[PDB]
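Colleague: Residue numbers (PDB author numbering), protein chains in the order written: chain B, 1 to 171; chain B', 1 to 171; chain B'', 1 to 171; chain A, 11 to 54, 54A, 55 to 83, 83A, 84 to 95, 95A, 96 to 125, 125A to 125C, 126 to 264, 264A, 265 to 325; chain A', 11 to 54, 54A, 55 to 83, 83A, 84 to 95, 95A, 96 to 125, 125A to 125C, 126 to 264, 264A, 265 to 325; chain A'', 11 to 54, 54A, 55 to 83, 83A, 84 to 95, 95A, 96 to 125, 125A to 125C, 126 to 264, 264A, 265 to 325. A prime marks a further copy of an entry chain.
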Amino acid sequence: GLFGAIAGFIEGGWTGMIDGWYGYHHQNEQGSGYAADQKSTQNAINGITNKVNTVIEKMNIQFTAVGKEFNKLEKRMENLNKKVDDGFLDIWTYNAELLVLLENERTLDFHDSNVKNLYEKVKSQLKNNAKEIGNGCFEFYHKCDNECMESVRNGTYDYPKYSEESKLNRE
Amino acid sequence: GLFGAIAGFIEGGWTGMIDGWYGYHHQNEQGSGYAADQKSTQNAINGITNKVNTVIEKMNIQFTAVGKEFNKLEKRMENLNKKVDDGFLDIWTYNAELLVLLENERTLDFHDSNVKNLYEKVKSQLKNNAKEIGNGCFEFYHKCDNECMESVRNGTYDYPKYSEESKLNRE
Amino acid sequence: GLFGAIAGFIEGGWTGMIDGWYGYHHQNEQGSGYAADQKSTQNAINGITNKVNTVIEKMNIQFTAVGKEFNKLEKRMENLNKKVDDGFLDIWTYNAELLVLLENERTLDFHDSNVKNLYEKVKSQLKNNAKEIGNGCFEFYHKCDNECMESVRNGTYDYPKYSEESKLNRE
Amino acid sequence: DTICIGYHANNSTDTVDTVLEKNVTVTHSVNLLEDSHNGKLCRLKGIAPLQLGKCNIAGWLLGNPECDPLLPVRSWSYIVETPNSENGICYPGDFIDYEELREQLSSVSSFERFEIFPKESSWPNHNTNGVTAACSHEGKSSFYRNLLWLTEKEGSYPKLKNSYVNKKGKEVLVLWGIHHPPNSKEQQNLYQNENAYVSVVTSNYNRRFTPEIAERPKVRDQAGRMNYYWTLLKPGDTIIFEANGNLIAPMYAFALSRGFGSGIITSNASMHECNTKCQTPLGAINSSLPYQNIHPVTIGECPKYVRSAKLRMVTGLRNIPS
Amino acid sequence: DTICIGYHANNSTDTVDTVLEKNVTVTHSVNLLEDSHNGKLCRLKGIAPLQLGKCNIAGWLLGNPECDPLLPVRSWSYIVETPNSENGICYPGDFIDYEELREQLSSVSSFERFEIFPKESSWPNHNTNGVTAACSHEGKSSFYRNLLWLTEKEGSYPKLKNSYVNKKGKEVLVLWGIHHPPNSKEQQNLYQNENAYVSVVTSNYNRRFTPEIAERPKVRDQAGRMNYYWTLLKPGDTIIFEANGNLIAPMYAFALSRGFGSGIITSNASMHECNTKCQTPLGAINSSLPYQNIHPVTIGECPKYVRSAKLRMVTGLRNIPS
Amino acid sequence: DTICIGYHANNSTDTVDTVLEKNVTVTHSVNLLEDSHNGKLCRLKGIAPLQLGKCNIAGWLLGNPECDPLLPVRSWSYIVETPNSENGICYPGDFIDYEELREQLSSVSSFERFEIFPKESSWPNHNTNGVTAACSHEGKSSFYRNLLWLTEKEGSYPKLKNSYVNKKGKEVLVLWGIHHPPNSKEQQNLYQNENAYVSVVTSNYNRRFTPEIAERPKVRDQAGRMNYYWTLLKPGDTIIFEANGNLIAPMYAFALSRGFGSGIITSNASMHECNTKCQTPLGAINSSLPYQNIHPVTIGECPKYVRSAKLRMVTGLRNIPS
Ligand SMILES: O=C(c1ccc(N=[S@](=O)(F)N2Cc3cccnc3C2)cc1Cl)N1CCO[C@@H](c2ccccc2)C1
Ligand SMILES: O=C(c1ccc(N=[S@](=O)(F)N2Cc3cccnc3C2)cc1Cl)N1CCO[C@@H](c2ccccc2)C1
Ligand SMILES: O=C(c1ccc(N=[S@](=O)(F)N2Cc3cccnc3C2)cc1Cl)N1CCO[C@@H](c2ccccc2)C1
Ligand SMILES: *[C@@H]1O[C@H](CO)[C@@H](O[C@@H]2O[C@H](CO)[C@@H](O)[C@H](O)[C@H]2NC(C)=O)[C@H](O)[C@H]1NC(C)=O
Ligand SMILES: *[C@@H]1O[C@H](CO)[C@@H](O[C@@H]2O[C@H](CO)[C@@H](O)[C@H](O)[C@H]2NC(C)=O)[C@H](O)[C@H]1NC(C)=O
Ligand SMILES: *[C@@H]1O[C@H](CO)[C@@H](O[C@@H]2O[C@H](CO)[C@@H](O)[C@H](O)[C@H]2NC(C)=O)[C@H](O)[C@H]1NC(C)=O
Ligand SMILES: *[C@@H]1O[C@H](CO)[C@@H](O)[C@H](O)[C@H]1NC(C)=O
Ligand SMILES: *[C@@H]1O[C@H](CO)[C@@H](O)[C@H](O)[C@H]1NC(C)=O
Ligand SMILES: *[C@@H]1O[C@H](CO)[C@@H](O)[C@H](O)[C@H]1NC(C)=O
Ligand SMILES: *[C@@H]1O[C@H](CO)[C@@H](O)[C@H](O)[C@H]1NC(C)=O
Ligand SMILES: *[C@@H]1O[C@H](CO)[C@@H](O)[C@H](O)[C@H]1NC(C)=O
Ligand SMILES: *[C@@H]1O[C@H](CO)[C@@H](O)[C@H](O)[C@H]1NC(C)=O
């Protein structure tokens, strides 16, 4: 977790959340439930899908590549041919292995980025109308409902509506 | 936007700001204007200019490289020569294309870094003497002027000067 | 400093701190001292040690590689052999140089990550029971001791214990 | 009431490596390294390969009698020799520019085997019955099906001259041989002329062959030697044979068509009723994967061969069902 | 009052690709892939190329009469043949080690063409008038300008022996030829000695040539053949010719100087009054760019050739004028 | 009271480069580019190299008298020639397939030098005393130690025929020579037969040699020439020599053992009592480092050679003791 979110201040994942990589858990008078943020999740899928496609597109089809034969008196050309085959293979193995390692690091860091950015977006939206209560959770100073929860998840949360009530409650 | 600033909580760029990549917009009794942060901008130019130079320096001049000819009975050496020319070209095309792709990703992320770092620097400087009012903007709880604005842009902002006044104003 | 911590809002390193890359400085009634965070530091060592090992493991042993000789009438095969030797060497020099450059950038950014993540962990732990006083330092609104300092460094800091006292003190 | 933001986990056991860490368990991932093949020789893009069976290019083109006779006309996507190359050269000597001819065949898409110099008509006043125990067939002494051992007839080897004009509209591969007796008595018996020569000529081929007489060590019971030669006769061009001894005359030759993406491979594997875009000596690959560790020898449109044991790229996140 | 931090945007339409995205519009960017050339052959670092015109290396060095005669002394940065290699070998046969001689010429920076064996003095008691319709000039039968067809004079071909000592202080390229008549009557007529030979010797070259008589198919109306040979005579070394027939004698040879960074290219393009650091068969490149997709064939100090359509690196930020 | 989080600094002066910056001073770092060697030739994995001294492969295998004689049996990890290759071919001519023989020796791990054809018994009715000033030893005319100059005895050169059977259980490298006199009188004097030949045969080698008589320029005072030939006689196989002149007969030959990871290098450096896993022409490397800029020529298990001046990877952080 390069950005300290994944395997950081949010210690675990939610096995209960099966419909996307990132999203929300709500608990209110009416009950509790999970829901993926489709915008941030779908964009994350598009990016990763574009990155896999990029790796494959850049590795072009290998066409027919076969052994050559050399007589008792062509040991140098045989050796030269081997040096060329071995050399290319050394290079391609190395290129392939590092590219997956580098991109994997970049990938995990990318998911960590998406979690930090979504948390900050909701936190900055909710502002002082709720308190950060650890492990990426907010505890409301006011009553929240399905309408309230749906408005926050899709980035349409209102401060004036609950500003007075929270202030009375927060003391 | 890996750090959620560019095309994130700051939805757009300022076409009006022509004198640098990052900087400030002020609005006060005396008027409104844009100004680039030269320190963060110039450092960003130096870095990017060093990165372009690095890519070019590492790709060394190609010296004379020409076709060879082979007789009716040298088909193997002709094929071997082609395998070597084709092989090197496959490798160099791949190396060139990925390097620009990787560095471009790293570049955009780098600019995103510079915006987050400058915002946090001014926010932490201004502290509770102003409120964060969304889209990377602060609304002052006190009167600010050209002297005030110039002192904040270059990282010389005073808290005690406005601490009492803001506190009375912030309620 | 991609994350604005190292050579950023924390302007310098602590030469006095010899027992790890990151950790804590405390100043209280009983005195002052430095101590490395072993968890974040050891994990940082493991990562970097795994990254150096990765670079070396991927560069496989070179086996016997020697010159060939060609007669007055084998100038083409001599030239072809040179093109193959020169070509491979051009490629490997480039691969080696960029890999250290890319990983070095990723390395510095990684250390910057570890500092931001540890600061946020303690800040979010201490919460409003202390104030952020610049240059990555907190000034307590209450008395702190060796037990208090040891509890904060290893992530076992209590809010209720000092919540009333700080509140009276913070005004 | 409380509201929380968090991330997906599941039952995934998939592991990947990064630069900083390894054996990292992840929610979702994709394999890039193809390691599965079907262990069969298959048709390539609809076209079957040429299976030489108990024969090697040398045995096939000379027509070693021990090799089951192929059709007079065939097409192929690639050529398969077996590791058990049991029937090749049967009469000992050198196959001149053999490796170059194999390379030529690597770009050949079909052949017509045809009677370039008919056995009955082409060689008046010479015997054509010559056989040898070195080129055995069902225990009886025999000879190459595509060459003819010309020897003396009624104590005379008249100087011969024969030419063929290529009206096939394809390159014609002509093979022939030169026999080198171990001693001057055998030379006398077979060809009568102690100072014999052979000449072969086209528009772009010109070579004279003179026998070299010496007691050599026995190879397949022969102290004598036979050198084998070939050329590609361009469409419309003429080949001329002159000899007063020692010529192993062409009888059958091959009209060659050129194609793309072919080669010669050696394989233990069996032809099955299957079709592939990618063939290796071990078996066919059916994959959109970029890399493979099955075999470096490929026919068709294949993944790039690498030595890697695993190449797995992460798509999901660190899987922590805690 | 309010204070805001934000970032530059402008009217930029430039697009780049990243790993995660593509067609990303950016404020500022730099092109790394040079695709522009001037479509001309130019001088390289002040030195003009050698244009062979209607000739190929073979036609030029033998001196095919159909080829306009070059100056006796020239220098060049590279050699240009044209796709229309109309005049090469005019009398049919093989140019032995032709490809090796081209490779030798790739590192040659100048030549002096000089009279190695003067026509009048060098060959007493032989005719030097020999010409052929295969090497035509303005409709009249002619011959190579740098070789001499020695034939019988007054029914005799005396054994000849001539040597030249290299006092030029440069490698001297000597060429010569061996004529192979189609039949024993022509051999008799031209050289009288039915069993002729040719010998050529230096300190490090030794080869004997014997004619090979046979009716070959007509090529440019000749059943006969001419094989062409060459060697590099080291400074101070001696070349000796002995023959009693069939020698196509050297008349003119070339004192060669070696240089760096040269080669042979084939080009449709025309020489213009221009100067470049980088030449391709399509045209010259004037670029500090690291990569180019113009041509893989380069002379001088060029960008590395790649197959890419675009290589654009971002320097500014995501351009969002919203 | 105040509590602070911060990071390590120290007295480190180490600098590294990144993509964005350079000359960045860092707390801790590791060098990956090995540039240190000991300037000695050393044993490789316990086995000493073969030092040819004043000799080159050619001088050694022919046995040039000026070269100090090696033991009759040796083993090595690699072969060292010196830049001062002063003693090679002593009698002028061509060493046929010389480069191919060097490549063969690159995979040879030991030899036994043995008397293939004993001087006294093997060549009845021929003189074996032949020496030359071209192959001088301590001012006296001498000859190659491993070859024998057969000439006339009492005005006769009888046709000779000798064969050796390889019962060594190793490939046997046999060398021999063919002498080409400058004129017909010397041919007569040395071998009597004006039309001499030499034949050499095995199961897979067959070649006839005929002398080529001509006045050549003097090389080491000889107008004559000597061509040198070799073959690898398979275990159990027989080599047969026939000649009626001009044969420079084998006397000593080499039983060769094949090994892994050997080669031939040229080095100014001296053998010392040391042992290494990695040898270069400049000296031995003792390193677990992945890269080296010492030399591209390597024996053993070495770092990959690169042109880089520095390859330093950062492990600590930006060092700021401010
Ligand atoms: O992680 C992945 C994934 C897995 C593989 C992949 N690679 S592909 O785009 F399919 N790429 C692989 C491949 C191989 C061969 C040819 N073409 C292709 C195209 C792309 C992605 Cl997002 N997925 C599939 C999409 O949905 C993701 C998901 C997210 C949350 C909850 C449950 C599933 C999980
Ligand atoms: O984005 C760039 C830019 C564009 C190209 C570049 N590459 S170079 O350093 F010029 N590199 C390119 C090149 C090519 C060939 C030879 N040498 C070189 C040197 C470096 C940079 Cl910062 N710029 C130029 C500097 O100013 C930047 C800017 C910033 C804000 C507002 C207006 C302009 C915009
Ligand atoms: O920065 C490093 C460092 C230095 C080199 C290194 N590379 S190795 O893992 F030793 N790698 C280098 C090498 C070379 C050859 C063969 N095997 C290897 C293994 C790994 C690390 Cl963490 N260190 C060593 C560990 O302790 C770090 C440290 C941290 C804080 C205060 C004082 C020291 C400083
Ligand atoms: C990678 O890590 C996993 C840890 O989950 C290893 O897998 C398991 O190992 C533990 C060892 O105590 C067993 O109890 C589990 O039954 C294993 N589970 C599964 C599903 O494999 C694995 O061995 C590690 N591999 C490597 C190469 O380090
Ligand atoms: C890349 O994206 C840009 C989007 O701005 C495309 O350019 C334009 O496409 C829209 C399509 O509705 C037109 O209305 C504009 O006139 C276009 N403007 C310019 C200046 O080009 C572009 O087609 C896209 N290209 C690719 C390859 O995807
Ligand atoms: C890299 O930077 C360092 C800066 O510390 C240079 O080293 C020193 O240069 C200053 C120049 O005023 C001297 O006063 C110091 O005595 C130097 N100290 C040491 C320990 O070297 C160094 O020259 C720079 N190198 C490059 C290549 O830019
Ligand atoms: C994991 O979960 C899926 C849920 O659909 C289940 O079908 C599968 O069998 C489980 N186990 C493994 C090893 O995939
Ligand atoms: C090849 O693999 C694909 C997997 O997508 C499969 O659907 C197909 O049936 C397989 N066989 C052929 C001949 O394509
Ligand atoms: C973009 O803006 C510049 C401003 O100087 C202008 O000159 C230019 O013509 C504009 N359009 C394009 C396509 O560059
Ligand atoms: C080459 O390009 C540069 C661009 O910087 C230009 O100034 C110069 O005039 C061009 N021509 C030559 C011959 O350098
Ligand atoms: C740096 O510090 C160490 C402390 O142990 C010291 O021994 C060393 O000599 C110092 N100087 C240098 C250049 O390493
Ligand atoms: C080689 O280098 C190592 C450094 O780890 C050293 O300990 C060893 O003594 C050196 N010599 C040999 C022969 O290994």
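Heads up, the beta-carbon is just placed ideally off N, CA and C, and yes, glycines get one too.
Between the stretch 266–275 of chain A' and the stretch 248–259 of chain A', do at least 3 Cβ pairs fall closer than 8 angstroms?
Modeller: In short, these stretches do not touch, since the Cβ pair count stays below three.
Colleague: Which value, in whole angstroms, describes the spacing of the CA atoms of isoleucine 87 of chain A'' and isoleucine 56 of chain A''?
Modeller: 12 angstroms
Colleague: Measure the beta-carbon distance from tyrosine 232 of chain A'' to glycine 286 of chain A'' and round it to whole angstroms, keeping in mind my assumption that it falls under 8 angstroms.
Modeller: Going by Cβ atoms, the distance from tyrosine 232 of chain A'' to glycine 286 of chain A'' rounds to 34 angstroms, so no, they are not a contact pair.
Colleague: Label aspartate 145 of chain B'' either buried or exposed according to how many other C-beta atoms from any shown protein chain fall within 10 Å of its C-beta, with 16 as the threshold for buried.
Modeller: Within a 10 Å sphere around the beta-carbon of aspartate 145 of chain B'' sit fewer than 16 other beta-carbons, which makes this residue exposed.
Colleague: Just to make sure I have the definition right: I need the residues of chain A whose C-beta is within less than 7 angstroms of the C-beta of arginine 229 of chain A'. Which are they?
Modeller: Per Cβ cutoff of 7 angstroms: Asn210.
Colleague: Please state the DSSP three-state secondary structure of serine 163 of chain B.
Modeller: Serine 163 of chain B falls in the helix class under three-state DSSP.
Colleague: Secondary structure at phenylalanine 138 of chain B, three-state DSSP: helix, strand or coil?
Modeller: strand
Colleague: Compute the beta-carbon to beta-carbon distance between residue 327 of chain A and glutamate 105 of chain B, rounded to the nearest angstrom, for a pair I have assumed lies under 8 angstroms.
Modeller: Outside the shown range of chain A, which is 11 to 325, sits residue 327 of chain A, and nothing can be said about it.
Colleague: Could you check where the beta strand (DSSP E) with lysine 144 of chain A'' kicks off and where it finishes?
Modeller: 144–146
Colleague: In the DSSP assignment, what residue or residues form a beta bridge with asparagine 166 of chain A?
Modeller: A:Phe245
Colleague: So the beta strand (DSSP E) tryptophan 69 of chain A' belongs to, where does it begin and stop?
Modeller: Taken as a continuous stretch (DSSP letters only), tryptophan 69 of chain A' belongs to no beta strand (DSSP E), being part of the alpha helix (DSSP H) at 66–71.
Colleague: The beta strand (DSSP E) that contains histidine 18 of chain A', what's its start and end?
Modeller: Here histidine 18 of chain A' belongs to no beta strand (DSSP E), and DSSP marks it neither H nor E.
Colleague: Within the same chain, show all residues whose beta-carbon is closer than 8 angstroms to that of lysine 174 of chain A, passing over the 5 residues directly before and after it, in chain order.
Modeller: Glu119, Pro239, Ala259, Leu260, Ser261
Colleague: Just confirm the distance between the C-beta atoms of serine 126 of chain A'' and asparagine 166 of chain A'', as a whole number of angstroms; I'd bet it's less than 8 angstroms.
Modeller: With 8 angstroms as the limit, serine 126 of chain A'' and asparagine 166 of chain A'' qualify as a contact, their Cβ atoms being about 6 angstroms apart.
Colleague: Tell me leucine 236 of chain A''s beta-bridge partners as DSSP assigns them.
Modeller: A':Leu177
Colleague: How about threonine 283 of chain A'': is its Cβ closer than 7 angstroms to a heavy atom in ligand 1?
Modeller: no
Colleague: Which partner residues does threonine 279 of chain A have in the DSSP bridge list?
Modeller: Answer is A:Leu54.
Colleague: Distance, Cα to Cα, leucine 30 of chain A vs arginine 315 of chain A'?
Modeller: 30 angstroms
Colleague: Report back the beta-carbon spacing between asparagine 129 of chain B'' and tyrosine 162 of chain B'' to the nearest angstrom; my notes put them in contact at under 8 angstroms.
Modeller: 5 angstroms
Colleague: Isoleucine 288 of chain A: which of A:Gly143, A:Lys54A, A:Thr235 sits nearest, CA to CA?
Modeller: A:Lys54A
Colleague: With a Cβ-Cβ cutoff of 8 angstroms, do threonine 90 of chain A and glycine 72 of chain A count as a contact?
Modeller: no
Colleague: So what's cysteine 97 of chain A in DSSP terms, helix, strand or just coil?
Modeller: In the structure shown, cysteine 97 of chain A sits in coil (DSSP, three-state: anything other than H, G, I, E or B).
Colleague: Any Cβ of chain A within less than 8 angstroms of the Cβ of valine 202 of chain A'?
Modeller: no
Colleague: Does the beta-carbon of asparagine 21 of chain A', which I'm using as the reference point, lie nearer than 7 angstroms to any heavy atom of ligand 9?
Modeller: yes
Colleague: Measuring CA to CA, which of B'':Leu108, B'':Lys72, B'':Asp85, B'':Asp90 is closest to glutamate 107 of chain A'?
Modeller: The candidate whose alpha carbon is nearest that of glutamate 107 of chain A' is B'':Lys72.
Colleague: What does the alpha-carbon distance come out to for the pair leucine 151 of chain A' and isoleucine 252 of chain A'?
Modeller: 6 angstroms
Colleague: Ignoring anything shorter than 3 residues or poking outside the stretch 19–71 of chain B', list the beta strand (DSSP E) runs there in chain order.
Modeller: 22–28, 31–36
Colleague: What do you reckon, is the C-beta of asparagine 289 of chain A under 7 angstroms from a heavy atom of ligand 8?
Modeller: yes
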